[PDB]
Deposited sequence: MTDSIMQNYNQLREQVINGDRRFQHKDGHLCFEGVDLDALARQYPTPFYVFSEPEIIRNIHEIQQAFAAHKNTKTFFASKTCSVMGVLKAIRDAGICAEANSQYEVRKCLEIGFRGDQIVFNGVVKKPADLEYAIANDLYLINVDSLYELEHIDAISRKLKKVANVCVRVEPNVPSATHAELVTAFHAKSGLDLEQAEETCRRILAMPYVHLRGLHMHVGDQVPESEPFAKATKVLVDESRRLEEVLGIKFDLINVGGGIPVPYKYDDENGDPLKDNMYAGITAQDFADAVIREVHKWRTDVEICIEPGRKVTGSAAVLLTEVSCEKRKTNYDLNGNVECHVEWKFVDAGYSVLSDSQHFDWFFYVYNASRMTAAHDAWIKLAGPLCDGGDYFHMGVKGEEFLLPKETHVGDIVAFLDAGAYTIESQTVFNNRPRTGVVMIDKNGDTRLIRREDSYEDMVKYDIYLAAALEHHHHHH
């Protein structure tokens, strides 16, 4: 029962420190790429995130090796997943390209060293100023998400006398029109492509789709890819062209729970279900029914960085609350542990019911043998971590003390830009472990002077 959950969770804890490519233990402390995380959290003020460049490289290798059966594959990291400049730099130095989701993301990618021919710009709202900036910078692709936005691409490319390179985003009906804001209908692809061919400064490269995020099955990718391949094949015949590419988007899942033998990915997508190899096998099998020479573009986000960070947060308070009966005798006790990170720091734990493994990094070799509830510091009754090991309860060593460092694993995707300054708690610093195992700060914690510098006031 609960004893079996505790035994299972401690087997997973032992696997973290005795088999996991990312982690070790030393002096009783969790280590990441040889870096003692208790020690690291004494150097830098908690809470903060620490990223591993080695793990980013491993994730990228998994993705690229998955596509070995198709040589002409181009990989664009979805920078909305994490765009801290040192993280983008690690990804650039690992040899892949970048996908951007706003004018400022395009600019960041250019400023960290991605060339224009290494950038894809996606979005449902690309205003004229956004489009002008992208076209002026010779981006590899600007997707086309609506007919309205295409009229601006035609007009602006003519004004600049510069070619805009596009893919037409189609969303296959695998309710789409009522639940999917993005893309054109499949029915609209032929006429849209026809008109693009006639535009003097717009070049049509191919079609685009994106299935979703943390997808726990391969069938959605296979079916959606087939829709895109069949339409690509047909339009090549109808229009008398050969497409440069097909862009199949992202959505390769990451394991957030590892004990797959106990999990159902279609009911709980914290279990990853498929691997990068499964995603590639499905995509390539469909593309190769049409062409083996065509370029396949992919836009993985979560898979590049998700497993490659840990959130380190200090236990900063504790209390016991007790439910009493009618005679004043104890019914049960609840042990609350408060950490210095809440949902303003780790937003998806609250807003998207996201699970992350939690361990006492200061006592990582000790049995996690006590049921606790884990709270954040925000003055808000809802700011505690509800996605526990058993219901809303977590497991930590009974020896846990204030001052210990708690780690949340798999904290590298969609965790930095989603932070807030609610309660005027600062957004976190971020540390990078580089390929040599050395650490450096890559984002400062917001200072007080940051809290008010955006405001205009006299004091």
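Numbering the deposited sequence from 1, one finds several regions with no C-alpha coordinates, namely 175-182, 468-477.
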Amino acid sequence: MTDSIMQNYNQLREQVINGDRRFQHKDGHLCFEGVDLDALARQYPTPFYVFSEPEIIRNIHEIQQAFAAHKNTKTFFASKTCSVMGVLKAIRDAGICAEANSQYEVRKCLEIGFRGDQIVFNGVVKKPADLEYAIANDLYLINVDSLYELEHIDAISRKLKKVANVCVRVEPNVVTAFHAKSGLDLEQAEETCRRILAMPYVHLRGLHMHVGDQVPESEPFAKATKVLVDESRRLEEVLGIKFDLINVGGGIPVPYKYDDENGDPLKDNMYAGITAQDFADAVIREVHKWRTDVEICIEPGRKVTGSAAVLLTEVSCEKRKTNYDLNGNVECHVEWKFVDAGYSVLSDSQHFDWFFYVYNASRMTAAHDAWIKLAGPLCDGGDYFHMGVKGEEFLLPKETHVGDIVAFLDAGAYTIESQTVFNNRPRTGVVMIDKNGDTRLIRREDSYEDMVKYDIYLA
From here on, numbers count along this sequence of modelled residues.
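Only the largest set of C-alpha atoms that superpose within 1.5 Å between the two forms is called the rigid core.
Taking the root mean square of CA deviations in 4 other deposited structures of this protein after fitting on the rigid core, 322-330 and 295-303 differ, and the farther of the two is 322-330.
Averaged as a root mean square over residues and superposed structures in 4 other deposited structures of this protein, CA distances to the shown form are larger in 331-339; the pair compared was 251-259 and 331-339 with a core fit. Note on 200-208 vs 296-304: mean CA B-factor is higher in 200-208. As listed in the deposited structure, the average C-alpha B-factor of 143-151 and of 247-255 is greater for 143-151. Highest CA B-factor among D383, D353, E171, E99, as stated in the entry: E171. Per the deposited record, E191 carries the highest C-alpha B-factor of all listed residues (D348, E318, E314, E191). Ranked by C-alpha B-factor against the other modelled residues of its chain, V84 falls in the lowest third. Among the modelled residues of its chain, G95 has a C-alpha B-factor that falls in the middle third according to the deposited record. Looking at the C-alpha B-factors along this chain, the one for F279 belongs to the middle third. Ranked by C-alpha B-factor against the other modelled residues of its chain, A41 falls in the middle third.
Per-chain ranking of the deposited C-alpha B factor places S344 in the lowest third.
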